[PDB]
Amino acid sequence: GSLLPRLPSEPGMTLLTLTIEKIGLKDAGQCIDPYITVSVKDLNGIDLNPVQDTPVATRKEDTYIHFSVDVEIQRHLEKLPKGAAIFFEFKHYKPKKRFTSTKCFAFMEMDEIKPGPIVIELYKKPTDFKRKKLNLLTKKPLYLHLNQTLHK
């Protein structure tokens, strides 16, 4: 993993913690060494922040992988540009290919940052960091479940 510590607080500014609770996937339990890459991209799909990888999740069920990990967003919210989005890319080891593959992704726009639980739908790889063209992974109620906490 490469999860970074919370930034120092700045007066009058706000820091976001996203707790990645779990991810629903039809084939969750089949996914080997699953993890999530969290990035913050501008309108044009360019990294505004350092990319962060969760550690590998070990708590697997048939249709959920439990993470229960906090990710610290590496910029005070008021300093993010209006078209930014936070991406969550679910990655796993493909044993027939012997490499790590991005299976699917979720994202959230700036106007979706609000306290409390949120569920976000998954879109099929390859990740579109401009989120212009999206292919839904499943219509089943299998989502990425997050908790948002806004600090000061």
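Sequential numbering from 1, following the sequence displayed.
Colleague: Using the B-factors recorded in the PDB entry, average over the C-alpha atoms of 26 to 34 and of 109 to 117, then report which stretch comes out higher.
Modeller: Stretch with the greater average CA B-factor: 109 to 117.
Colleague: What stretch has the higher average Cα B-factor here, 42 to 50 or 121 to 129?
Modeller: Averaging CA B-factors over each stretch, the winner is 42 to 50.
Colleague: What third of its chain's C-alpha B-factors does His66 belong to: lowest, middle or highest?
Modeller: Middle third by C-alpha B-factor.
Colleague: In terms of the chain's CA B-factor thirds, is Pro95 lowest, middle or highest?
Modeller: It falls in the bottom third of the chain.
Colleague: Considering every modelled residue of the chain and its Cα B-factor in the PDB entry, is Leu16 in the lowest, middle or highest third?
Modeller: Ranked within chain, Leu16 CA B lands in the middle tercile.
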